[PDB]
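Single-letter residue listing:
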Amino acid sequence: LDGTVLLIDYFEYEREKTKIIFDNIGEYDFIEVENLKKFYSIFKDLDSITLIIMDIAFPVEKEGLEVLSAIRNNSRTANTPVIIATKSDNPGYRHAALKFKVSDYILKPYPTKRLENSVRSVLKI
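Residues numbered from 1 in each chain as written, not as in the entry; some residues may be left out. Heavy atoms only, no water.

Draft legend 1. Spatial organisation of the sheet that holds strand 5 (residues 104-107). Strand order across the open sheet formed by 5 strands is 2-1-3-4-5, with parallel pairing between neighbours. The two strands at the open ends of the sheet, each matched to only one other strand, are strand 2 (29-33) and strand 5. Strand after strand, the sheet turns through a mean of 20° between neighbouring axes, direction not considered. With 3 bridges joining them, strand 3 (residues 51-54) and strand 4 (residues 82-86) adopt parallel strand pairing. Residue pairing across strands places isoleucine 53 opposite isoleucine 83, the latter belonging to strand 4. Relative to strand 2, helix 1 (residues 12-25) is tilted by about 165°, and along the sheet it contacts strand 1 (4-8), strand 2 and strand 3. The strands that helix 5 (residues 114-123) touches are strand 3, strand 4 and strand 5; relative to strand 5, the one it contacts most, it runs at about 175°. (Pairing = 2+ DSSP bridges. Helix = DSSP H or I, 4+ residues; strand = E, 2+ residues; numbered from the N terminus. Axes fitted to C-alpha atoms, helices over the stretch in contact; angles between N-to-C directions. Contact = heavy atoms within 4.5 Å.)

Draft legend 2. Up close: the packing of aromatic side chains. All told, the structure shown has 7 aromatic pairs when counted by the stated rule. For the ring pair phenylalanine 39 and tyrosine 40, a centre distance of 5.2 Å and an interplane angle of 80° mean the geometry is edge-to-face. You can call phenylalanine 39 buried: its relative accessible area is 0%. By relative accessible area, which is 38% here, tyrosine 40 ends up partly exposed. (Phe/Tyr/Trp six-rings, centres within 6.5 Å; stacked < 30°, edge-to-face > 60°. Buried < 20%, exposed > 50% of the residue type's maximum accessible area, 1.4 Å probe, protein only.)

Draft legend 3. Focus on unusual backbone geometry. Across the junction of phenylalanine 58 and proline 59, the peptide omega takes the value 0°, indicating a cis bond. Among the structural elements, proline 59 can be located in the loop between strand 3 and helix 3 (61-73). Residue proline 109 follows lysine 108 across a cis peptide bond; omega there is 0°. Positionally, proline 109 belongs in the loop between strand 5 and helix 5. For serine 48, which is not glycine, the phi torsion reads 45° and is therefore positive. You can call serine 48 exposed: its relative accessible area is 56%.

Draft legend 4. The arrangement of a nonpolar patch on the surface in detail. On the surface, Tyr10, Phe11 and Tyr13 cluster together into a nonpolar patch covering about 320 Å² of accessible area. Structurally, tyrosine 13 is set in helix 1. Residue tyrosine 13 is classed as exposed on the basis of its relative accessible area of 52%. (Patch = residues over 30% accessible without salt bridge, like charges linked within 9 Å, V, L, I, M, F, W, Y side chains within 5 Å. Areas by Shrake-Rupley, 256 points an atom, 1.4 Å probe, with all protein chains shown as cover. Salt bridge = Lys/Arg side-chain N within 4 Å of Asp/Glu carboxyl O.)

Encoded structure:
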């Protein structure tokens with residue numbers, strides 16, 4: 001068990017696709033958050049998350065951004081590295097997302113190679 005990852009994404013198939021990519025990265029624990037309700041219902045319980053991968057469109061950018069902020073202003077997760085992988089490519093929402101600090105911004109679809117490197121860089125390897 002060399003890592004716990006938090007997947008914030010409404011789409012189950014995207015989450016499954018993401019866990020798979022981790023078969024090459026390493027042996028990781030996954031905590032899935034399928035919607036707003038699930039996030040707020042547990043983010044105050046989050047402890048020692050090695051990596052957060054989320055879709056800012058949660059379900060819409062304004063909600064994802066709020067979640068992002070909550071994550072950054074939450075003590076136990078303020079520095080936790082966040083990788084944004086999203087289907088939305090609105091320029092302003094992306095730009096706004098970068099103001100909170102995130103390790104990467106990936107657009108969907110993305111070659112299952114794009115995410116792999118990102119994780120490896122962001123996490124060292």
